[PDB]
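Data block below; observations after.
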Amino acid sequence: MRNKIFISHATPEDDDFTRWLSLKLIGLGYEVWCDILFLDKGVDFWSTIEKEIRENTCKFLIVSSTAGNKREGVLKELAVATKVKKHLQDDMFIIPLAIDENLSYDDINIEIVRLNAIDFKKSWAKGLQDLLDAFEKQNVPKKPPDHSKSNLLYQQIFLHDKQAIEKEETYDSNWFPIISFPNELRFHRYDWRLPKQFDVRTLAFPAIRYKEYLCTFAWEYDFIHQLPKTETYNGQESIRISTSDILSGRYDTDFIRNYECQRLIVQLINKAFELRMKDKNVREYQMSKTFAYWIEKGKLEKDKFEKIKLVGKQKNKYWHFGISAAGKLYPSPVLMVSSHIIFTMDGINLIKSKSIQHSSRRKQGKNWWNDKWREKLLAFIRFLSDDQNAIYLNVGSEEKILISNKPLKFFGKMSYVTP
Amino acid sequence: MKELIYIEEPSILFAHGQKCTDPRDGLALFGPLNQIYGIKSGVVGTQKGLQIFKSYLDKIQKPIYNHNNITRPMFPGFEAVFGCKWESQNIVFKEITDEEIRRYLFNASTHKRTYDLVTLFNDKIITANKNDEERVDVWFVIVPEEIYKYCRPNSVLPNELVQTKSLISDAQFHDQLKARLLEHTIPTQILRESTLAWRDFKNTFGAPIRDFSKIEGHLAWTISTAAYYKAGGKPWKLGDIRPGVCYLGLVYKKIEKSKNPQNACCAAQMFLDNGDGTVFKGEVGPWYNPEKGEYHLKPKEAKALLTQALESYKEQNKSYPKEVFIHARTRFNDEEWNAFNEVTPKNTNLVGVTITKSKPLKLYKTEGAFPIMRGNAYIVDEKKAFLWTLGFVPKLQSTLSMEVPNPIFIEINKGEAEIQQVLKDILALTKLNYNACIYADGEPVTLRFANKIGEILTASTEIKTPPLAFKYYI
DNA sequence: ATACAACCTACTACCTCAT
DNA sequence: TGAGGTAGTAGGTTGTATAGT
Ligand SMILES: [Mg+2]
């Protein structure tokens, strides 16, 4: 007995259409034999074809594209239907599927030039209607439609190649956990020594004005050159709040709540950063929000660090990987590093108008893929590191903030086959 | 070394209860959730606007392919995809002429120029809609470039085209078009002449100013899917959503106009399992905050919104939802939520969820060019988690976010629930955007349309429009 | 008068649509 | 796809209380 609807086709030129035809047909109730569905591995791969077109193939559908009539594999596939065209002795056994808007008569193979046109050109639907309405006038066999079969195929077959696979994969953050915090945070009732009018961001240590007390991780003795007549401050007088408590929430003063205290660490951290980069070998890109740090041309050998290329070239403009420091306390206190792309037409003189910088940043980004953005960042943070396991930020002489130079790794079972 | 769990990709259901993961593929395979009687399409553009709009209707009957049809599925052809005809023969045109365009467009003010073309089209639309015995399923505003070019704030028509000096010394034309048509419910799909005929809009060089050969079928996907939805039926539903959930997306928009800089229009959009959506329009209050850079609500208006949502839910679904998630991008103040609390039935669970796209936890896959695939998540606490609605997708073999993807901080700010369900649901909600037909959006639809919505609330403020489905607000 | 409060404004990384 | 528009977020610029004449 014979039931199928063998589809003959050019791959990959007509794949879009054959996959649509077969699957719309299979869900409509037909049995469709199509190379698309299998993953053959035999010497009978062709004989499979032949066996199927020979015996069980009710209808030969051939994609009537330019590529399909010129394709050695489809011409060989076609060879049998004509051979079996006589055996069945039914005129409509072969159906050219005219999907190509641009078929010259000359391309079309003679056998199928003769036959009637299943017009997929004007609309894919009308012809689906025509192919089936043709399947009504001659009684080609059908099952009651189960589109469930349709996409059992699609979901198992087509999507076989690429889906979520139970795989293991780790991913590196851009969060860089703080390692060590100053044993206390102290607050200086600076009083006459403090001048409110003065700016402390040239005070070479992270300092800010909170109420009438003075906030920093620098011990009172630390500001000397720019802050005279302060040997007058009792060492005792100043609140010495336990930092190992503040993260916990153990500290809640009704005078100032921890939420106040957590916010306060950050400006310092980011300042401790901003000062550290004053003296750590990178020219700074200024965005209004905070600064970005891009190494200048030639500072690393051939503009590479640790095999990575952190300065390169685009068009007539060099590019230089830059980074930023957000520090966030929660969940775990970390330094965040967002990556950037600064730009210079020459080694070390920064481009003037960001409109060019925006267009360049977009243009150059297209180049960098997940592998690339990661290495450069990691290396940049590897770059800055002032020892084996972390960065130093200098809140003060005896007090330092140490950030891990390698970011939290996340390990997730479930990943995808890379194409 | 923390560990990521993974969220199975939510399944959206199409014709014959068959659900898969890509609307583009689900519609193509089976078609829409509720097949519809053919779209009658009405046009409100230049005589040229028709031929272009006819160009597309003829164009999208035939298949149109993307650059690479894996990362972007091809568009088989309207009739093949949706199993119904969106015919170009069957057009119901309300003309506009350059004389009308020139006369109203050239005003010195943008706003008096804007507001008036908008009133032009509406009369052209409303006259056709109200007066017509014949019936049009969607009104398609086919915008000549000259309109899109000049009808926004900050676009300066030269002082050498203005015929009338300004009478005295919002303004986005399309959003306003939707907002003024808001009181009388009519589906407005707005198209640009450049987009539908983008190869007939060459630049000085002779190449087209904007070149869409890479994505031309994707366009047909976005427009017909939106076209389809406006014309009535929804393309799909969430495949496996537990019964009786209520998704409430909190929207506000500061009204800059007021002297007191707290007037901020408010709304809530209600998503169930469809995404057809219901936009509950709240009225104008002091929601913006100076100190907190935040949006919030007084109880009494807040109770009205919850109840407006709950009651319209019960009228729709004959019960009160056993679970109601309210999404917004801000945390909730305990008073505003206790306002919700009271309105709520005793056994319904109310969940507040803050979806903040801060810039945290950019996760770089260790090996390979592609980023973490979407559905990976990081659970900080039983309450707050990191969700990747963006990043590599296998059925697309593309990253959704074209750079390294940013996950979204998800905190059950108020109420209690299972964060895993939250993540799930929210991953589910990205799938419901009928208008931009893609695999999934970056945002769940609850909050996806706020900013666009934010305009339409403030744009029309006199009205007191009933709760409305999305197609009106789109 | 200023000692401070709370805005508002660029600038940038993303993300969307007159898609 | 991409030229766009939007949304974070800092601040310096700015608009309001205090405080003393
Ligand atoms: Mg869209």
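The values are calculated or read from the model by the stated rules, or taken from the named source; no laboratory read-out is quoted. FYI the Cβ positions are ideal-geometry reconstructions off the backbone, even for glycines, and counts take in every protein chain you see.
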**Report entry** Only listed residue being farther than 17 Å from B:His174 by Cβ, buried (at least 18 other Cβ atoms within 10 Å of the Cβ) and in contact with a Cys (Cβ under 7 Å, 6 or more places away or on another chain), chosen from B:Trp221, B:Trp198
**Finding:** B:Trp221
Report task. Take region A:130-158 and flag every residue that is among the polar types (S, T, N, Q) and over 25 Å from A:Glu77 (Cα atoms). Result -> A:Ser148, A:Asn151, A:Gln155, A:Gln156
Report summary line: Across (1) of a type in the set (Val, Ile, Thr); (2) touching a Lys or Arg at 6+ places or on another chain (Cβ under 7 Å); (3) away from DNA strand D (no atom under 11 Å from the Cβ), B:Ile215 clears everything bar (3)
Query raised in the report: Which one of these does B:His184 not meet: (1) within 14 Å of DNA strand D (Cβ to nearest atom); (2) under 30 Å from B:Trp287 (Cβ atoms)?
Result: (1)
**Report entry** Residue satisfying condition, being over 27 Å from the mean Cα position of the chain (by Cα), away from chain A (no Cβ under 14 Å) and among the polar types (S, T, N, Q), within set B:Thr307, B:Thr366, B:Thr344, B:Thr330
**Finding:** B:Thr344
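Going through region B:405-417 one residue at a time, which ones are assigned to a loop (DSSP other than H, G, I, E, B) and in contact with a strand residue (DSSP E or B) (Cβ under 6 Å, 6 or more places away or on another chain)? Step through it out loud before you land on a result.
Here is the first cut: in region B:405-417, the ones assigned to a loop (DSSP other than H, G, I, E, B) are B:405-407, B:415-417.
Across region B:405-417, the qualifying residues are B:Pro407, B:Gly415, B:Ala417.
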Report summary line: Only one of B:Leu191, B:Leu196 is within 16 Å of the ligand (Cβ to nearest atom), within 19 Å of the chain's Cα centre (by Cα) and under 19 Å from B:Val43 (Cβ atoms), namely B:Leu191
Query raised in the report: How many of the residues in region B:210-229 are more than 21 Å from B:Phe140 (Cα to Cα), more than 14 Å from chain A (Cβ to nearest Cβ) and more than 9 Å from DNA strand C (Cβ to nearest atom)?
Result: 2
Query raised in the report: Which residues, taken from region B:375-387, are surrounded by 18 or more Cβ atoms within 10 Å (Cβ to Cβ) and more than 10 Å from chain A (Cβ to nearest Cβ)?
Result: B:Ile379, B:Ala385, B:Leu387
Report task. Output the helices (runs of 4 or more DSSP H) that fall wholly within region A:94-180 and possess 3 or more residues being more than 13 Å from chain B (Cβ to nearest Cβ), or say none. Result -> A:110-113, A:124-137
Query raised in the report: For A:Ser47, are the conditions met, namely being hydroxyl-bearing (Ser, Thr, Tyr) and over 38 Å from the mean Cα position of the chain (by Cα)?
Result: yes
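Which one of B:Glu411, B:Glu403, B:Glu443 is near DNA strand C (Cβ under 10 Å from one of its atoms), within 14 Å of chain A (Cβ to nearest Cβ), within 24 Å of the chain's Cα centre (by Cα) and among the acidic types (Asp, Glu)?
Answer to the selection: B:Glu403.
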Query raised in the report: If only one of B:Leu427, B:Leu457 is within 14 Å of chain A (Cβ to nearest Cβ) and more than 16 Å from the ligand (Cβ to nearest atom), which one is it?
Result: B:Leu427
Report task. Give, as residue ranges, the strands (runs of 3 or more DSSP E) completely inside region B:1-107 that count at least 3 residues that are more than 9 Å from chain A (Cβ to nearest Cβ) and of a type in the set (A, V, I, L, M, F, W, C). Result -> B:12-14, B:91-93
Query raised in the report: Can you name every residue in region B:359-377 that is touching a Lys or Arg at 6+ places or on another chain (Cβ under 9 Å) and more than 22 Å from A:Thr418 (Cβ to Cβ)?
Result: B:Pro360
**Report entry** Within region B:108-145, considering residues that are of a type in the set (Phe, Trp, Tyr) and not in a strand (DSSP E or B), the one nearest to DNA strand D (Cβ to nearest atom)
**Finding:** B:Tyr115
Requested in this report: Could you check how many residues of region A:356-381 are more than 15 Å from B:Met402 (Cβ to Cβ) and either more than 14 Å from chain B (Cβ to nearest Cβ) or within 16 Å of DNA strand D (Cβ to nearest atom) (or both)?
Outcome: 5
Query raised in the report: When region A:1-18 is examined, which residues are found to be out of contact with any helix residue (DSSP H, G or I) (no Cβ under 7 Å at 6 or more places or on another chain) and within 14 Å of chain B (Cβ to nearest Cβ)?
Result: A:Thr11, A:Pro12, A:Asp15, A:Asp16, A:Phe17, A:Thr18
Query - Where B:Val251 falls short, out of the listed (1) more than 30 Å from B:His67 (Cα to Cα); (2) away from DNA strand D (no atom under 12 Å from the Cβ) - result: (2)
Report summary line: The condition from (1) among the basic types (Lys, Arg); (2) within 16 Å of DNA strand C (Cβ to nearest atom); (3) over 20 Å from the mean Cα position of the chain (by Cα) that A:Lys313 misses is numbered (2)
Query raised in the report: Given the conditions (1) away from chain B (no Cβ under 14 Å); (2) closer than 19 Å to A:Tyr293 by Cβ, and given that A:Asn389 satisfies all but one, which numbered condition is not satisfied?
Result: (2)
Query raised in the report: Quick check: is even one residue across region B:318-329 surrounded by 15 or more Cβ atoms within 10 Å (Cβ to Cβ) and out of contact with any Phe, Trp or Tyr (no Cβ under 9 Å at 6 or more places or on another chain)?
Result: yes
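Do we have A:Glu31 as out of contact with any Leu (no Cβ under 8 Å at 6 or more places or on another chain), surrounded by fewer than 16 Cβ atoms within 10 Å (Cβ to Cβ), in the same structural domain as A:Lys142 (by TED's automatic domain parsing) and not aliphatic (A, V, I, L, M) here?
Answer is no for this residue.
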Query raised in the report: How many residues does region A:168-211 contain that are among the charged types (D, E, K, R) and surrounded by 12 or more Cβ atoms within 10 Å (Cβ to Cβ)?
Result: 9
Query - Of the criteria (1) under 22 Å from the mean Cα position of the chain (by Cα); (2) within 13 Å of DNA strand D (Cβ to nearest atom), which one B:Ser398 fails - result: (1)
